[PDB]
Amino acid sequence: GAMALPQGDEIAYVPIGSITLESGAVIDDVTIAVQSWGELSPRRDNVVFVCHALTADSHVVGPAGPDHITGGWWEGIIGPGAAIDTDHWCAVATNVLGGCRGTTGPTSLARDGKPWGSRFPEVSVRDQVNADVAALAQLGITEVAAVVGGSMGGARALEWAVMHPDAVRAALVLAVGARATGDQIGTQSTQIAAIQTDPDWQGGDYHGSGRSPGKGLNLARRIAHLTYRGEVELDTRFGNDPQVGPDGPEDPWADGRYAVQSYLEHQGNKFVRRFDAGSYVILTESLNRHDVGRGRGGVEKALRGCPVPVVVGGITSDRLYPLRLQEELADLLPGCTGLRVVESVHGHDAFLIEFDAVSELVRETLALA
């Protein structure tokens, strides 16, 4: 019969067998890491599937621990009486295909007894969706009430709705576009270059070598983190202030740092301790090939042809997925009644920070379901 759902901090590892990718290549022996909160209803029709973003994982809520290097990335969104109210809904989240937090990816051991590494194939967002759908099938779940996500999570949710409109009752698509843009591919390809030019990248087969491309991954994360924040907030929070230490300001003209510089350095250092460079490359490449129109006659035809009820949200200060992209989605999707604009200074990261606004968008989506 079906595999049982885990609960809470517990990760279930769901084998889905060999999978055929959009490219026609095959990945053998794929395992999908899954977490869940709330009881699955008898008819298995109350699932809210949460698609995590580029550097997040299946741990949507909960504490950090030996199984969870980071705490929940959407704290308070899932729980009793929360937006995803676990008294009524069953929240489910996977780690994306190509990830490094339990699902098969570059750090995983392959059949030949060596890390996947450079042998891990290129994947698309559609491959990621179909791996999640396959995992749900192994859990006995053949439809979802809603699929929700922001950023790369929004790309997954959008493709899911377009690919499986008869198996989704509603979707939340937050802070993403219908396809990768020139600016996105520009910065993302530069981040990949920072990793791959690091001497310890070793062609991507550094796993188990004792060395890793930490300097390159650190730089890649710093590049990305700026794209995730708002321009004004960076100037009001940091401006050109020096870093303030316990007993006073540093001197940026000597050995000291600017406050924004110290902030970015700390973000980069923490990230390298928590994330795999090869996964970062695979997942960033999947974002570069995000395109809901591919094989479907273009973006307009694909979106106009999707009947799923959809809440589309965008953020005023988002510099990576600017509001014009969500205006396009909201216009073209016939199941979207109009763009929801999140007013926030926090840039793209507002979808993680603006608790009340995001809760309202999630509640609206589940009401549609």
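Note that residue numbering begins at 1 and tracks the sequence as displayed.
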Report task. Could you settle it for me: does 196-204 or 217-225 have the higher average Cα B factor in the PDB entry? Result -> 196-204
Requested in this report: Higher average CA B factor in the deposited record is what I'm after, so tell me if that's 206-214 or 172-180.
Outcome: 206-214
Query raised in the report: Which listed residue, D127, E285, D87, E159, has the largest C-alpha temperature factor in the record?
Result: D87
Requested in this report: Pick out which of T31, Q326, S344, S36 has the highest C-alpha B-factor in the PDB entry.
Outcome: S344
**Report entry** Record-listed C-alpha B factor of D166: chain third
**Finding:** highest
Report task. Pull the Cα B-factor of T316 out of the PDB entry and bin it into the chain's lowest, middle or highest third. Result -> middle
Report task. Rank-wise, by C-alpha B-factor, drop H266 into the lowest, middle or highest third of its chain. Result -> highest
Query raised in the report: Among the chain's modelled residues, which third holds the C-alpha B-factor of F120?
Result: lowest
Requested in this report: Select lowest, middle or highest to describe the third in which the CA B-factor of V61 falls within its chain in this entry.
Outcome: lowest
